[PDB]
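Before any comments, here is the structure.
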Amino acid sequence: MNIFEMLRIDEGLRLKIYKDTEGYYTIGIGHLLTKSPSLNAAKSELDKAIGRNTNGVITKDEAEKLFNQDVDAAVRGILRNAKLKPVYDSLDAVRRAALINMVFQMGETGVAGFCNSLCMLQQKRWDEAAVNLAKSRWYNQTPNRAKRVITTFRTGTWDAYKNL
Ligand SMILES: *SCC1=C(CS*)C(C)(C)N(O)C1(C)C
Ligand SMILES: [Cl-]
Ligand SMILES: [Cl-]
Ligand SMILES: [Cl-]
Ligand SMILES: [Cl-]
Ligand SMILES: [K+]
Ligand SMILES: [K+]
């Protein structure tokens, strides 16, 4: 297991535009296109992202290219973020993947909204952090994914992604 495999499990793979869990047009492995309700706006964003006129359909290779860019940008963003970098740097590689997963799903600003949990993680109070992480909109709206991510933070293992 690694961050790519983990996010592939949590995000799926779809080659046509679809709506994510929040109703927003997305493609590939969780590549958000736009929050606009306009499908034509989403199709325009897709063509810009891929560099050709796609009409809403891409190949697996193209989905994986966007995914690699998105993972890279998430990590680089964490490192540029004065709130998230110290916590990231304090963690082992498995827990780092859980943090990247959260940032991929909700963005840097959203994860910075988890400061109470982030402090507990930085202090390596793993069970306390896990309890606090679940007191969130995130957990309520995507509980199965959140439970996997939280187990990864609690244990520092890949156990939640083993049967999957
Ligand atoms: S998210 C709140 C913050 C933490 C965790 S306790 C810390 C890394 C120490 N950081 O400076 C804050 C104030 C942003
Ligand atoms: Cl892009
Ligand atoms: Cl296709
Ligand atoms: Cl708590
Ligand atoms: Cl879920
Ligand atoms: K998804
Ligand atoms: K995403």
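Numbers here are sequence positions counted from 1. Just so you know, ligand 1 is whichever comes first in the structure, and atom 1 is the first atom listed for that ligand.
- With the K ion (ligand 7) as the vertex, O of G30 and O of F104 span 170° to the nearest 10°.
- Protein heavy atoms are found inside the 4.0 Å sphere centred on atom 9 (C) of ligand 1.
- Looking at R52 and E62, a side-chain N of the basic residue comes within less than 4.0 Å of a carboxylate O on the acidic one, giving a salt bridge.
- Not a single N, O or S atom of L32, from either the backbone or the side chain, sits less than 3.4 Å from the K ion (ligand 7).
- If you check which protein heavy atom lies closest to atom 7 (C) of ligand 1, you get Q122 OE1, 3.8 Å.
- Side-chain contact of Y25 with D20: a donor-acceptor pair under 3.5 Å is absent, judged by distance alone.
- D159 and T157 share a side-chain donor-acceptor pair at under 3.5 Å.
- Taking every non-hydrogen atom of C115 and a distance limit under 4.0 Å, the qualifying atoms of ligand 1 come out as 1 (S), 2 (C).
- Near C119, the atoms of ligand 1 lying under 4.0 angstrom from a non-hydrogen atom of the residue are 5 (C), 6 (S).
- Cation-pi contact between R96 and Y88: present, with separation from the ring centre below 6.0 Å and deviation from the ring axis of at most 45°.
- Distances from atom 13 (C) of ligand 1 to the protein include no heavy-atom value under 4.0 Å.
- Between the side chains of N101 and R148, no donor-acceptor pair of N or O atoms lies under 3.5 Å.
- Across all their heavy atoms, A63 and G28 have their closest contact at CB-CA, 3.8 Å.
- In this structure, atom 1 (S) of ligand 1 is in close contact with the protein, since a protein heavy atom lies within 4.0 Å of it.
- Atom 11 (O) of ligand 1 has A82 O, 4.9 Å as its closest protein atom, hydrogens excluded (heavy atom only).
- Of the N and O atoms on the side chains of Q105 and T142, at least one donor lies less than 3.5 Å from an acceptor on the other residue.
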